[PDB]
Amino acid sequence: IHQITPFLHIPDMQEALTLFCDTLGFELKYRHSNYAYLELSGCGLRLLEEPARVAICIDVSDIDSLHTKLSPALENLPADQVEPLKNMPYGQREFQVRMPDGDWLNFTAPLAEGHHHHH
Amino acid sequence: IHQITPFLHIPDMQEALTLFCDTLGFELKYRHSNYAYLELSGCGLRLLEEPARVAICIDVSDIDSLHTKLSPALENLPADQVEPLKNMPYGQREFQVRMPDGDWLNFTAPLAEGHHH
């Protein structure tokens, strides 16, 4: 378990970057399409431009061992409040759980051997 | 800058603790009234029961030096989108900034020297 990042959904990426980067000092680390990943002294923050959604993303190593550890408990959640492990197009393996406020939580790890790794 | 914690506002504390602690593995570290602070492998997550607000809390040390460094840029933000440094009755010194999604962000730190911790 590396870090817990809020995943914000904002209307204008440039305005968001103006606040978080230029005003608050966040460093823009990675960007693809309408997605952005920032860090303030190492702590991550995810942004998605949007002119239920994922509000939290938990970065981890070996998401399979974590998923197995949590499996028995995840089996007790309403079927529509949990998603199975899935290799995503953007280079991350992840699974989802719905939170009490209605938004979703993501567990995510970069793909290991045998896959294209995005920088 | 120690961590960036999401600050969730949930319908029922017990139901939320069951999910995060019992199902996902988080540890409850402090609770008071409708507020709770948990950690997963040392990573923070804050909760508030509510049967626009702060959705992000950034835990820091020496928040006074940080405020000074951000001050010039904070001065260019709409007046109603920024709050000055202020000591809170709940043991933290914080300042706030409104985010592009309408919710707020907190920079917070426990009172330094001279205070009961």
# chains A, B, ... in the order shown; residues from 1 in each chain; ligands from 1

$ residues_around --residues "segment 3-16 of chain A" --least-positions-apart "2" --cutoff "9 Å" --atoms "only C-alpha atoms" --output "tab-separated table (two decimals) with N, CA and C atoms, in the first residue's frame"
chain	number	residue	atom	x	y	z
A	1	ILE	N	0.85	-1.23	0.00
A	1	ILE	CA	0.00	0.00	0.00
A	1	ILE	C	0.87	1.26	0.00
A	18	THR	N	-3.66	25.44	-12.95
A	18	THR	CA	-3.29	26.78	-12.49
A	18	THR	C	-3.38	26.87	-10.97
A	19	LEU	N	-4.40	26.24	-10.40
A	19	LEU	CA	-4.58	26.25	-8.96
A	19	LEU	C	-3.59	25.32	-8.26
A	20	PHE	N	-3.68	24.03	-8.58
A	20	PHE	CA	-2.82	23.03	-7.96
A	20	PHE	C	-1.33	23.16	-8.22
A	21	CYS	N	-0.95	23.48	-9.45
A	21	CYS	CA	0.47	23.59	-9.75
A	21	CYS	C	1.06	24.97	-9.49
A	34	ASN	N	-7.48	13.54	-20.97
A	34	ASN	CA	-8.06	14.45	-19.97
A	34	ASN	C	-7.75	14.01	-18.54
A	35	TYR	N	-6.71	13.19	-18.39
A	35	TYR	CA	-6.31	12.69	-17.07
A	35	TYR	C	-4.97	13.32	-16.68
A	36	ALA	N	-4.81	13.60	-15.39
A	36	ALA	CA	-3.58	14.19	-14.89
A	36	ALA	C	-3.21	13.60	-13.53
A	43	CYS	N	3.40	13.24	-2.61
A	43	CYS	CA	2.03	12.77	-2.39
A	43	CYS	C	1.17	12.99	-3.64
A	44	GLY	N	0.55	11.91	-4.12
A	44	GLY	CA	-0.25	11.98	-5.33
A	44	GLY	C	-1.67	12.52	-5.27
A	45	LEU	N	-2.09	13.09	-6.39
A	45	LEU	CA	-3.42	13.66	-6.58
A	45	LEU	C	-3.77	13.44	-8.05
A	46	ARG	N	-4.94	12.87	-8.30
A	46	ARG	CA	-5.38	12.60	-9.66
A	46	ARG	C	-6.48	13.56	-10.09
A	47	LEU	N	-6.44	13.95	-11.36
A	47	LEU	CA	-7.43	14.87	-11.90
A	47	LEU	C	-8.00	14.32	-13.20
A	48	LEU	N	-9.30	14.53	-13.40
A	48	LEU	CA	-9.96	14.07	-14.61
A	48	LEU	C	-10.84	15.23	-15.05
A	49	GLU	N	-10.64	15.72	-16.27
A	49	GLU	CA	-11.45	16.84	-16.74
A	49	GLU	C	-12.80	16.36	-17.23
A	50	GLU	N	-13.86	16.96	-16.68
A	50	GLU	CA	-15.23	16.63	-17.05
A	50	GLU	C	-15.94	17.95	-17.30
A	51	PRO	N	-15.82	18.48	-18.54
A	51	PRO	CA	-16.44	19.75	-18.95
A	51	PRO	C	-17.87	19.93	-18.46
A	53	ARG	N	-18.75	8.29	-9.56
A	53	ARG	CA	-17.42	8.36	-10.14
A	53	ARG	C	-16.38	7.91	-9.12
A	54	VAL	N	-15.15	7.73	-9.58
A	54	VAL	CA	-14.08	7.31	-8.69
A	54	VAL	C	-13.55	8.55	-7.97
A	55	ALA	N	-13.63	8.57	-6.64
A	55	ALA	CA	-13.17	9.72	-5.87
A	55	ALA	C	-11.87	9.44	-5.14
A	56	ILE	N	-11.51	8.16	-5.04
A	56	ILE	CA	-10.28	7.79	-4.37
A	56	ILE	C	-9.59	6.68	-5.13
A	57	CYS	N	-8.26	6.76	-5.21
A	57	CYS	CA	-7.44	5.75	-5.87
A	57	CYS	C	-6.33	5.34	-4.93
A	58	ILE	N	-6.25	4.06	-4.62
A	58	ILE	CA	-5.21	3.58	-3.73
A	58	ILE	C	-4.15	2.82	-4.54
A	59	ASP	N	-2.95	3.38	-4.61
A	59	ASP	CA	-1.84	2.79	-5.35
A	59	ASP	C	-1.19	1.72	-4.49
A	60	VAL	N	-1.04	0.52	-5.05
A	60	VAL	CA	-0.44	-0.58	-4.32
A	60	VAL	C	0.47	-1.42	-5.20
B	3	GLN	N	1.15	13.97	3.93
B	3	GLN	CA	0.20	13.17	3.17
B	3	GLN	C	-0.97	14.01	2.68
B	4	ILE	N	-1.72	13.46	1.73
B	4	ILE	CA	-2.90	14.10	1.17
B	4	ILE	C	-4.01	13.10	1.47
B	5	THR	N	-4.93	13.45	2.36
B	5	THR	CA	-5.98	12.50	2.66
B	5	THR	C	-7.33	12.91	2.13
B	6	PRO	N	-8.08	11.95	1.58
B	6	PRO	CA	-9.40	12.29	1.07
B	6	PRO	C	-10.21	12.57	2.35
B	7	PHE	N	-11.25	13.37	2.26
B	7	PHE	CA	-12.09	13.65	3.43
B	7	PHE	C	-13.50	13.36	2.95
B	40	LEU	N	-4.56	3.31	6.45
B	40	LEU	CA	-4.36	2.03	5.79
B	40	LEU	C	-2.86	1.99	5.55
B	41	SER	N	-2.16	1.12	6.28
B	41	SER	CA	-0.71	1.03	6.12
B	41	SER	C	-0.08	2.42	6.27
B	42	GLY	N	-0.54	3.18	7.27
B	42	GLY	CA	0.00	4.51	7.51
B	42	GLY	C	-0.51	5.65	6.64
B	43	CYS	N	-1.39	5.35	5.70
B	43	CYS	CA	-1.93	6.38	4.81
B	43	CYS	C	-3.28	6.84	5.34
B	44	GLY	N	-3.42	8.15	5.53
B	44	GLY	CA	-4.65	8.69	6.09
B	44	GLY	C	-5.89	8.81	5.23
B	45	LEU	N	-7.03	8.72	5.91
B	45	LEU	CA	-8.36	8.85	5.33
B	45	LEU	C	-9.23	9.44	6.44
B	55	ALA	N	-13.02	18.23	1.15
B	55	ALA	CA	-12.91	16.91	0.55
B	55	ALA	C	-11.47	16.43	0.54
B	56	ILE	N	-10.54	17.33	0.85
B	56	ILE	CA	-9.13	16.99	0.89
B	56	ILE	C	-8.46	17.68	2.06
B	99	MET	N	-11.51	24.43	-4.19
B	99	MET	CA	-11.05	23.69	-5.36
B	99	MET	C	-11.95	23.93	-6.57
B	100	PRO	N	-11.46	23.61	-7.78
B	100	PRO	CA	-12.24	23.82	-9.00
B	100	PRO	C	-13.56	23.06	-9.07
B	101	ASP	N	-13.76	22.08	-8.20
B	101	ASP	CA	-15.02	21.34	-8.24
B	101	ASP	C	-16.03	21.88	-7.23

$ select_by_dssp --residues "chain B" --states "strand (DSSP E)" --output "PyMOL selection string"
chain B and resi 3-10+27-32+35-40+43-49+54-59+82-87+92-98+104-110

$ closest_residue --among "B:98, B:86, B:32, B:93" --to "chain A" --atoms "only C-alpha atoms"
B:98

$ select_by_dssp --residues "chain A" --states "helix (DSSP H, G or I)" --output "ChimeraX atom specification"
/A:13-23,63-74,79-81

$ atom_distance --atom1 "atom CA of residue 40 of chain A" --atom2 "atom CA of residue 68 of chain B"
16.5 Å

$ residues_around --residues "residue 67 of chain A" --least-positions-apart "3" --cutoff "12 Å" --atoms "only C-alpha atoms" --output "number ranges by chain"
A: 1, 60-64, 70-75, 82-86, 93-97, 106-109; B: 23-25

$ write_last_selection --atoms "N, CA, C and O atoms" --output "short mmCIF file (atom, residue, chain, number, x, y, z; two decimals), in the first residue's frame"
data_model
loop_
_atom_site.label_atom_id
_atom_site.label_comp_id
_atom_site.auth_asym_id
_atom_site.auth_seq_id
_atom_site.Cartn_x
_atom_site.Cartn_y
_atom_site.Cartn_z
N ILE A 1 0.85 -1.23 0.00
CA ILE A 1 0.00 0.00 0.00
C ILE A 1 0.87 1.26 0.00
O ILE A 1 1.39 1.66 1.04
N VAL A 60 -1.04 0.52 -5.05
CA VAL A 60 -0.44 -0.58 -4.32
C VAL A 60 0.47 -1.42 -5.20
O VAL A 60 0.47 -1.29 -6.42
N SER A 61 1.24 -2.28 -4.55
CA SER A 61 2.12 -3.21 -5.24
C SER A 61 1.44 -4.56 -5.04
O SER A 61 0.77 -4.77 -4.04
N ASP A 62 1.61 -5.47 -6.00
CA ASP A 62 1.00 -6.79 -5.91
C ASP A 62 -0.47 -6.68 -5.50
O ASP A 62 -0.85 -7.04 -4.38
N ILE A 63 -1.29 -6.19 -6.42
CA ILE A 63 -2.71 -6.02 -6.15
C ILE A 63 -3.43 -7.37 -6.05
O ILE A 63 -4.51 -7.47 -5.46
N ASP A 64 -2.83 -8.41 -6.61
CA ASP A 64 -3.43 -9.73 -6.55
C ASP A 64 -3.39 -10.30 -5.13
O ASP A 64 -4.38 -10.85 -4.64
N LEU A 70 -8.32 -9.59 0.86
CA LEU A 70 -9.62 -8.96 1.06
C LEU A 70 -10.82 -9.74 0.50
O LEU A 70 -11.96 -9.48 0.88
N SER A 71 -10.56 -10.70 -0.38
CA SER A 71 -11.63 -11.49 -1.03
C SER A 71 -12.80 -11.97 -0.18
O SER A 71 -13.96 -11.76 -0.56
N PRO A 72 -12.54 -12.62 0.97
CA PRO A 72 -13.64 -13.10 1.82
C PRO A 72 -14.58 -11.97 2.24
O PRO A 72 -15.80 -12.14 2.25
N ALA A 73 -14.01 -10.82 2.58
CA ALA A 73 -14.81 -9.68 3.00
C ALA A 73 -15.52 -9.04 1.80
O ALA A 73 -16.66 -8.58 1.93
N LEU A 74 -14.86 -9.01 0.65
CA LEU A 74 -15.45 -8.42 -0.56
C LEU A 74 -16.64 -9.25 -1.04
O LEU A 74 -17.54 -8.73 -1.70
N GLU A 75 -16.65 -10.54 -0.70
CA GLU A 75 -17.74 -11.44 -1.08
C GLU A 75 -19.02 -11.09 -0.33
O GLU A 75 -20.11 -11.49 -0.73
N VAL A 82 -19.10 -3.82 -5.99
CA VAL A 82 -17.74 -4.29 -6.15
C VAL A 82 -17.48 -4.78 -7.58
O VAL A 82 -18.36 -5.33 -8.23
N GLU A 83 -16.26 -4.54 -8.06
CA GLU A 83 -15.86 -4.97 -9.39
C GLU A 83 -14.64 -5.88 -9.26
O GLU A 83 -13.82 -5.70 -8.37
N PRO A 84 -14.51 -6.88 -10.15
CA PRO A 84 -13.38 -7.81 -10.09
C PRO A 84 -12.09 -7.21 -10.66
O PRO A 84 -12.11 -6.17 -11.31
N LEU A 85 -10.98 -7.89 -10.40
CA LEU A 85 -9.68 -7.44 -10.91
C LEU A 85 -9.73 -7.41 -12.43
O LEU A 85 -10.21 -8.35 -13.06
N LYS A 86 -9.24 -6.32 -13.02
CA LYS A 86 -9.23 -6.19 -14.47
C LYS A 86 -8.03 -5.38 -14.96
O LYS A 86 -7.73 -4.31 -14.42
N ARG A 93 -3.57 -2.42 -13.34
CA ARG A 93 -4.45 -3.53 -13.01
C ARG A 93 -5.20 -2.96 -11.81
O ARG A 93 -4.59 -2.32 -10.95
N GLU A 94 -6.51 -3.17 -11.74
CA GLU A 94 -7.25 -2.60 -10.63
C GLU A 94 -8.59 -3.27 -10.36
O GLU A 94 -9.07 -4.07 -11.17
N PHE A 95 -9.17 -2.97 -9.20
CA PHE A 95 -10.49 -3.46 -8.86
C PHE A 95 -11.19 -2.34 -8.10
O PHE A 95 -10.53 -1.46 -7.55
N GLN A 96 -12.52 -2.35 -8.11
CA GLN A 96 -13.25 -1.26 -7.48
C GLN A 96 -14.26 -1.66 -6.42
O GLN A 96 -14.82 -2.75 -6.46
N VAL A 97 -14.49 -0.74 -5.48
CA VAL A 97 -15.43 -0.92 -4.38
C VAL A 97 -16.20 0.39 -4.22
O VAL A 97 -15.60 1.46 -4.24
N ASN A 106 -10.89 3.07 -6.02
CA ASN A 106 -10.06 2.26 -6.89
C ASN A 106 -8.81 1.75 -6.19
O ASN A 106 -8.20 2.47 -5.40
N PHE A 107 -8.45 0.50 -6.45
CA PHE A 107 -7.21 -0.07 -5.93
C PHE A 107 -6.50 -0.22 -7.25
O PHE A 107 -7.11 -0.71 -8.20
N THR A 108 -5.25 0.19 -7.35
CA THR A 108 -4.56 0.10 -8.62
C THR A 108 -3.05 -0.10 -8.55
O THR A 108 -2.38 0.44 -7.67
N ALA A 109 -2.53 -0.88 -9.48
CA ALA A 109 -1.10 -1.16 -9.56
C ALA A 109 -0.70 -1.23 -11.02
O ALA A 109 -1.47 -1.68 -11.86
N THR B 23 -13.82 -4.43 6.11
CA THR B 23 -13.71 -4.99 4.77
C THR B 23 -12.42 -4.64 4.04
O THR B 23 -11.74 -5.53 3.51
N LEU B 24 -12.04 -3.37 4.04
CA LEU B 24 -10.83 -2.94 3.34
C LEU B 24 -9.54 -2.97 4.15
O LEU B 24 -8.46 -2.86 3.59
N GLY B 25 -9.64 -3.11 5.47
CA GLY B 25 -8.45 -3.19 6.29
C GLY B 25 -7.91 -1.94 6.95
O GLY B 25 -6.80 -1.95 7.48
#

$ closest_residue --among "B:16, B:108, B:61, B:75" --to "residue 88 of chain B" --atoms "only C-alpha atoms"
B:108

$ residues_around --residues "residue 42 of chain A" --least-positions-apart "4" --cutoff "9 Å" --atoms "only C-alpha atoms" --output "count of residues only"
5

$ closest_residue --among "A:23, A:87, A:65, A:76" --to "chain B" --atoms "only C-alpha atoms"
A:23

$ decode --residues "segment 23-68 of chain B" --atoms "N, CA and C atoms" --output "mmCIF file, in the first residue's frame"
data_model
loop_
_atom_site.group_PDB
_atom_site.id
_atom_site.type_symbol
_atom_site.label_atom_id
_atom_site.label_comp_id
_atom_site.auth_asym_id
_atom_site.auth_seq_id
_atom_site.Cartn_x
_atom_site.Cartn_y
_atom_site.Cartn_z
ATOM 1 N N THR B 23 -13.821 -4.435 6.109
ATOM 2 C CA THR B 23 -13.714 -4.992 4.769
ATOM 3 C C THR B 23 -12.416 -4.644 4.040
ATOM 4 N N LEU B 24 -12.041 -3.369 4.040
ATOM 5 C CA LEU B 24 -10.834 -2.945 3.340
ATOM 6 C C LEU B 24 -9.538 -2.972 4.154
ATOM 7 N N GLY B 25 -9.644 -3.113 5.468
ATOM 8 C CA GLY B 25 -8.448 -3.194 6.295
ATOM 9 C C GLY B 25 -7.907 -1.936 6.947
ATOM 10 N N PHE B 26 -8.662 -0.846 6.912
ATOM 11 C CA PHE B 26 -8.208 0.394 7.538
ATOM 12 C C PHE B 26 -8.248 0.280 9.058
ATOM 13 N N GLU B 27 -7.447 1.108 9.725
ATOM 14 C CA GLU B 27 -7.397 1.159 11.183
ATOM 15 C C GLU B 27 -7.948 2.493 11.670
ATOM 16 N N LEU B 28 -8.893 2.443 12.606
ATOM 17 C CA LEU B 28 -9.463 3.664 13.162
ATOM 18 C C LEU B 28 -8.403 4.183 14.130
ATOM 19 N N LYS B 29 -7.980 5.432 13.955
ATOM 20 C CA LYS B 29 -6.948 6.008 14.816
ATOM 21 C C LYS B 29 -7.493 7.046 15.786
ATOM 22 N N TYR B 30 -8.634 7.628 15.463
ATOM 23 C CA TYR B 30 -9.227 8.623 16.343
ATOM 24 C C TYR B 30 -10.643 8.876 15.909
ATOM 25 N N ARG B 31 -11.521 9.075 16.879
ATOM 26 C CA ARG B 31 -12.906 9.365 16.574
ATOM 27 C C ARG B 31 -13.474 10.330 17.608
ATOM 28 N N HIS B 32 -14.321 11.248 17.149
ATOM 29 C CA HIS B 32 -14.969 12.223 18.029
ATOM 30 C C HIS B 32 -16.175 12.848 17.365
ATOM 31 N N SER B 33 -17.326 12.684 18.005
ATOM 32 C CA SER B 33 -18.558 13.215 17.464
ATOM 33 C C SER B 33 -18.808 12.457 16.178
ATOM 34 N N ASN B 34 -18.956 13.187 15.087
ATOM 35 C CA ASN B 34 -19.190 12.547 13.806
ATOM 36 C C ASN B 34 -17.922 12.509 12.948
ATOM 37 N N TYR B 35 -16.774 12.794 13.556
ATOM 38 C CA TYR B 35 -15.502 12.787 12.833
ATOM 39 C C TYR B 35 -14.637 11.588 13.196
ATOM 40 N N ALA B 36 -13.941 11.047 12.198
ATOM 41 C CA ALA B 36 -13.059 9.905 12.405
ATOM 42 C C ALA B 36 -11.849 9.988 11.489
ATOM 43 N N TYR B 37 -10.709 9.517 11.984
ATOM 44 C CA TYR B 37 -9.479 9.503 11.204
ATOM 45 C C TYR B 37 -8.908 8.086 11.179
ATOM 46 N N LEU B 38 -8.810 7.505 9.986
ATOM 47 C CA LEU B 38 -8.284 6.154 9.846
ATOM 48 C C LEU B 38 -7.036 6.131 8.985
ATOM 49 N N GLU B 39 -6.342 5.001 9.012
ATOM 50 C CA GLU B 39 -5.138 4.826 8.222
ATOM 51 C C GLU B 39 -5.060 3.417 7.671
ATOM 52 N N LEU B 40 -4.561 3.314 6.447
ATOM 53 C CA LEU B 40 -4.358 2.031 5.792
ATOM 54 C C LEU B 40 -2.857 1.990 5.551
ATOM 55 N N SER B 41 -2.159 1.125 6.275
ATOM 56 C CA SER B 41 -0.715 1.029 6.121
ATOM 57 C C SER B 41 -0.082 2.423 6.268
ATOM 58 N N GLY B 42 -0.541 3.177 7.265
ATOM 59 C CA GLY B 42 -0.001 4.506 7.512
ATOM 60 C C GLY B 42 -0.508 5.647 6.640
ATOM 61 N N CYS B 43 -1.391 5.348 5.697
ATOM 62 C CA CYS B 43 -1.933 6.381 4.813
ATOM 63 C C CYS B 43 -3.282 6.842 5.344
ATOM 64 N N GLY B 44 -3.423 8.151 5.532
ATOM 65 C CA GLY B 44 -4.647 8.693 6.088
ATOM 66 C C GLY B 44 -5.895 8.814 5.232
ATOM 67 N N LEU B 45 -7.028 8.716 5.915
ATOM 68 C CA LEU B 45 -8.355 8.848 5.328
ATOM 69 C C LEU B 45 -9.229 9.438 6.437
ATOM 70 N N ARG B 46 -9.908 10.540 6.142
ATOM 71 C CA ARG B 46 -10.765 11.180 7.128
ATOM 72 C C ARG B 46 -12.232 10.975 6.778
ATOM 73 N N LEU B 47 -13.080 10.873 7.803
ATOM 74 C CA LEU B 47 -14.508 10.672 7.611
ATOM 75 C C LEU B 47 -15.341 11.600 8.490
ATOM 76 N N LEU B 48 -16.491 12.015 7.966
ATOM 77 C CA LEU B 48 -17.413 12.864 8.710
ATOM 78 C C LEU B 48 -18.830 12.373 8.415
ATOM 79 N N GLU B 49 -19.605 12.131 9.467
ATOM 80 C CA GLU B 49 -20.978 11.669 9.271
ATOM 81 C C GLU B 49 -21.957 12.790 9.127
ATOM 82 N N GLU B 50 -22.692 12.731 8.026
ATOM 83 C CA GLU B 50 -23.707 13.719 7.700
ATOM 84 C C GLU B 50 -24.993 12.944 7.429
ATOM 85 N N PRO B 51 -25.692 12.545 8.510
ATOM 86 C CA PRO B 51 -26.939 11.776 8.446
ATOM 87 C C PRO B 51 -27.844 12.006 7.221
ATOM 88 N N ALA B 52 -21.132 22.506 -0.155
ATOM 89 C CA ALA B 52 -19.690 22.371 -0.353
ATOM 90 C C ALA B 52 -18.985 22.206 0.986
ATOM 91 N N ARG B 53 -17.957 21.364 1.011
ATOM 92 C CA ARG B 53 -17.178 21.134 2.225
ATOM 93 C C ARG B 53 -15.765 20.645 1.916
ATOM 94 N N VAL B 54 -15.000 20.351 2.966
ATOM 95 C CA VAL B 54 -13.625 19.882 2.814
ATOM 96 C C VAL B 54 -13.581 18.434 2.333
ATOM 97 N N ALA B 55 -13.021 18.232 1.145
ATOM 98 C CA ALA B 55 -12.913 16.908 0.548
ATOM 99 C C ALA B 55 -11.466 16.430 0.535
ATOM 100 N N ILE B 56 -10.542 17.331 0.852
ATOM 101 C CA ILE B 56 -9.128 16.987 0.886
ATOM 102 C C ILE B 56 -8.457 17.679 2.059
ATOM 103 N N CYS B 57 -7.618 16.928 2.763
ATOM 104 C CA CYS B 57 -6.864 17.448 3.891
ATOM 105 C C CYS B 57 -5.403 17.122 3.682
ATOM 106 N N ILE B 58 -4.560 18.152 3.613
ATOM 107 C CA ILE B 58 -3.130 17.939 3.430
ATOM 108 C C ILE B 58 -2.401 18.176 4.759
ATOM 109 N N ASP B 59 -1.923 17.083 5.353
ATOM 110 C CA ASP B 59 -1.217 17.135 6.633
ATOM 111 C C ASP B 59 0.215 17.606 6.435
ATOM 112 N N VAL B 60 0.585 18.669 7.141
ATOM 113 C CA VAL B 60 1.930 19.218 7.025
ATOM 114 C C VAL B 60 2.526 19.573 8.384
ATOM 115 N N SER B 61 3.792 19.952 8.361
ATOM 116 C CA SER B 61 4.504 20.381 9.555
ATOM 117 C C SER B 61 4.884 21.827 9.262
ATOM 118 N N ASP B 62 4.975 22.658 10.291
ATOM 119 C CA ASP B 62 5.341 24.053 10.087
ATOM 120 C C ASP B 62 4.430 24.675 9.027
ATOM 121 N N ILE B 63 3.129 24.660 9.287
ATOM 122 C CA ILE B 63 2.161 25.208 8.348
ATOM 123 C C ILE B 63 2.332 26.718 8.188
ATOM 124 N N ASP B 64 2.970 27.359 9.162
ATOM 125 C CA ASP B 64 3.185 28.798 9.076
ATOM 126 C C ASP B 64 4.197 29.148 7.990
ATOM 127 N N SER B 65 5.252 28.350 7.855
ATOM 128 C CA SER B 65 6.254 28.616 6.821
ATOM 129 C C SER B 65 5.665 28.349 5.438
ATOM 130 N N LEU B 66 4.865 27.291 5.342
ATOM 131 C CA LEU B 66 4.228 26.921 4.081
ATOM 132 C C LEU B 66 3.260 28.010 3.628
ATOM 133 N N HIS B 67 2.445 28.508 4.551
ATOM 134 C CA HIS B 67 1.492 29.554 4.211
ATOM 135 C C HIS B 67 2.230 30.750 3.627
ATOM 136 N N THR B 68 3.338 31.118 4.266
ATOM 137 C CA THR B 68 4.140 32.244 3.804
ATOM 138 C C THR B 68 4.620 32.037 2.374
#
